[PDB]
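Structure 1 and structure 2 below are the same protein chain in two forms, each given by itself as structure tokens.
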Structure 1
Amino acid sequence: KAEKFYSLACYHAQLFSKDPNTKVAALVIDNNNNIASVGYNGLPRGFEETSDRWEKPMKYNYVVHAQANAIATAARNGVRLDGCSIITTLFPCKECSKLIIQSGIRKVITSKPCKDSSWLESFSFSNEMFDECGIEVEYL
């Protein structure tokens, strides 16, 4: 079932993300296997999504990461994430890892990141916080 939700997350990113280079999605799943929240990378709701705003490097001033978006969207909708799992198409960055912990998510399910030395430091900080704060990491 974890793999089926991961497959759905991949499809979500392909269908909904407007990023022209890299589409990312995350599903927050509760203990009854209900989809509590969905995030995908994008610009803020209602912000005019011009071609110029989605080019690099300009898009980084406006874009929201998928996992951050899943959490912020749950706050908007008033959906409780404490105890849930997050199934994401990309292992979280350092800042999203903090928000994952703060939202009460207890488990991250994703694929193993490709070896990239520029991300080793960030990856190490995320896993240090996850290990200490009780967040399980499961790689498909």
Structure 2
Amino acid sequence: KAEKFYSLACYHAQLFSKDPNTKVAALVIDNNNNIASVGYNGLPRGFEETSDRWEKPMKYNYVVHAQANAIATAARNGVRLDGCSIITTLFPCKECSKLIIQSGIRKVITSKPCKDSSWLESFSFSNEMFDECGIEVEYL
């Protein structure tokens, strides 16, 4: 089931993300394997999406990460995430990892980062926080 959800998230990212380089999506799943929340990476809702704003490095000032969006959407709609797992097509950065911990999510399921990534340092802080705070990491 986890691998199928990962495949489902890869497709969601390809369908919806306007990021020209890296399309990211995340699914928050409860203990009955039901979907509690979904997000993809994009500029905030209604924010004009121009070519200049989607180029690197400018885009980092504007882009909302997929995992942050799944959690913000649950806050917006009042969907309780405590105790769920998060399945994400990309390992969460340090800022998303903070949100995952504080939102009560207990497990991150994803793929091992391409260690040519420019996010490797951010991911190192993610792993330090996850392991000490007791959030499991599972790689498919």
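Residue numbering: sequential along structure 1, first residue numbered 1. Between two forms, the rigid core is the largest collection of C-alphas that superpose within 1.5 Å.
Please check if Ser17 moves between structures 1 and 2, taking a CA shift of 2 Å or more relative to the superposed core as movement. Stays below the 2 Å threshold, so no.
Fitting the two forms on their rigid core, what distance in Å separates the Cα positions of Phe47 between structures 1 and 2? A shift of 1.0 Å.
Core superposition result - C-alpha of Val79, shift between structures 1 and 2, Å: So the C-alpha of this residue moves 0.5 Å.
Per-residue C-alpha deviation between structures 1 and 2 [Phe123; rigid core superposition; Å]: Looking at the C-alpha of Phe123 between structures 1 and 2, the offset is 2.4 Å.
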